Amino acid sequence: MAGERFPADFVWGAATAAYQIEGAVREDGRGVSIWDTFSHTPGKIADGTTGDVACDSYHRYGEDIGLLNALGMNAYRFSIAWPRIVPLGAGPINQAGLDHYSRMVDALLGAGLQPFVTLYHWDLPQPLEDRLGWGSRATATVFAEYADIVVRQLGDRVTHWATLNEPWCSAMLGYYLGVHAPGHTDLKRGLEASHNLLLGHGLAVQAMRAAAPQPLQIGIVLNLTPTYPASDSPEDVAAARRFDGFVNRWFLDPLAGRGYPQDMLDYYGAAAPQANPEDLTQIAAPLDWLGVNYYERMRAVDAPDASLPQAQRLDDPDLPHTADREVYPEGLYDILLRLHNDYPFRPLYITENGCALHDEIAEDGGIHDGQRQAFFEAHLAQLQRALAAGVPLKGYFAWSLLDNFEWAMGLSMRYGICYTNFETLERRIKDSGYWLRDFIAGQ
Ligand SMILES: C[C@H]1O[C@@H](O)[C@H](O)[C@@H](O)[C@H]1O
Ligand code: NA
């Protein structure tokens, strides 16, 4: 009921992050990141792996370009590693680092692949974490200095930039739940980190506008989880609102000029961050787009005896599941309709969508990942519905181009549209990747 075609100028890409794919962790002046420290801490990664080699994309990005070209994509979302650019976090530049990314940008543009660059995809320089990391306002200031450096050199060629990827993860997984680097476990520290991440975003936007050699299209990338109460009871509805506030509105509202949501301030009490009119104005620095990373919904039941927020997930077993998630494509439509009608950000990009499976190389040599094909098919159908409703959607990036180091899950959780043999570093396009190729060409 939503037609057949996407816009002719739609952006079609795949996405990666530097620590997940690059390897070469000590090469060419790179400094230590929090993810180097964390992955080298016994027990923090499920399978004893690290990003030391990963996909070896520091050396093999040309192979990655070959895959993007084989897929007929027109864009590549990737991150720049702050440790390669400013190894001390705050300090001199490492021109060799910048020059690596300059050559990669030129290779992408030569191939007809628009670079969509993420400045911060979780790889904070360890020296900054030694000075409290996102627990310090200074980290926000020097993040903006890094953003300036990078834009000054690459902004003649790269128009589309994101400051941060998934600040909820960096703050809440990294400083509250301890599952991500740097691995702290305190709610107040997580909420403080969340504020300094938003402040760093806003300071960076302003620094990038001043350093820009041409006008830029600057955004931020948020994970969003559409949340639904398991019943209409006051208790379940309130649990859904608390979860929705914890993940989504805590970030969307300040970005939208609305301040932090008061219901969440009330809930968090004394753990809430120190945070004034001046910082809010900074946080709301005008953006040219918003990136949405969408994977799943949350169907919330009140659970008065759990950690902040007392919201238990109610699984639907009749819905399919992947290796690690429930599949719910209609949530993509729902979150986009909400953003379109309720929030000011536009245009919108889906900067990540994808799934993990127990992928293996079959006897014939292919990877028969039909559930991942079906995942893309169903989510793209929802995007057509969103477009029909007027949502100002301008592109879609599959997470991920290739299997990679999936954070606390290690190399063991495969999200690629291309398979990565981590021993030999060979990549092979999965059946879902060929489906994407053919879908994109058919448009
Ligand atoms: C599965 C995918 O999840 C998102 O949370 C991230 O931005 C990306 O690095 C990867 O973890
Ligand atoms: Na399954």
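Here Cβ is always computed from backbone atoms with ideal geometry, including for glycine, and neighbour counts include all displayed protein chains. None of the figures in this text is laboratory data; all of them are computed from the coordinates on show.
Taken over the range 202-211, the criterion of being buried (at least 18 other Cβ atoms within 10 Å of the Cβ) and within 18 Å of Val158 (Cα to Cα) is satisfied by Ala204, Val205, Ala207, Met208, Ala211. Screening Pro277 against (1) in contact (Cβ under 8 Å) with a residue 40 or more places away in the chain; (2) more than 26 Å from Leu177 (Cα to Cα) leaves a single unmet condition, (1).
The rows are residues; the columns are (1) among the charged types (D, E, K, R); (2) over 20 Å from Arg427 (Cα atoms).
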{"position": "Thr16", "(1), (2)": "no, no"}
{"position": "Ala24", "(1), (2)": "no, no"}
{"position": "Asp47", "(1), (2)": "yes, yes"}
{"position": "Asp52", "(1), (2)": "yes, no"}
{"position": "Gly62", "(1), (2)": "no, no"}
{"position": "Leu71", "(1), (2)": "no, no"}
{"position": "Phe78", "(1), (2)": "no, no"}
{"position": "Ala90", "(1), (2)": "no, yes"}
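Meeting the requirement of 1 or more residues that are surrounded by 20 or more Cβ atoms within 10 Å (Cβ to Cβ) and under 19 Å from the mean Cα position of the chain (by Cα), the strands (runs of 3 or more DSSP E) wholly within the range 376-438 are 393-399, 418-420. Yes or no: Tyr349 in contact (Cβ under 8 Å) with a residue 40 or more places away in the chain, under 18 Å from the mean Cα position of the chain (by Cα) and within 21 Å of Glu4 (Cα to Cα)? Answer is yes for this residue.
Within the range 153-201, the set of residues being of a type outside the set (A, V, I, L, M), buried (at least 21 other Cβ atoms within 10 Å of the Cβ) and either within 16 Å of ligand 2 (Cβ to nearest atom) or part of a loop (DSSP other than H, G, I, E, B) (or both) comprises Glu166, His180, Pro182. Checking each residue in the range 299-335 for being part of a loop (DSSP other than H, G, I, E, B), without any contact (Cβ under 8 Å) to a residue 40 or more places away in the chain and within 15 Å of ligand 1 (Cβ to nearest atom) picks out only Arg325. For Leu380, the conditions (1) over 24 Å from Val11 (Cα atoms); (2) more than 16 Å from ligand 1 (Cβ to nearest atom) all hold with the exception of (1). Exactly one residue out of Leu280, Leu290 is within 16 Å of ligand 1 (Cβ to nearest atom), of a type outside the set (D, E, K, R) and either farther than 28 Å from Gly200 by Cβ or touching a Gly at 6+ places or on another chain (Cβ under 8 Å) (or both): that is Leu290.
Scanning the range 336-370 for residues being within 16 Å of ligand 1 (Cβ to nearest atom) and of a type in the set (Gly, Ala, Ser) gives a total of 2.
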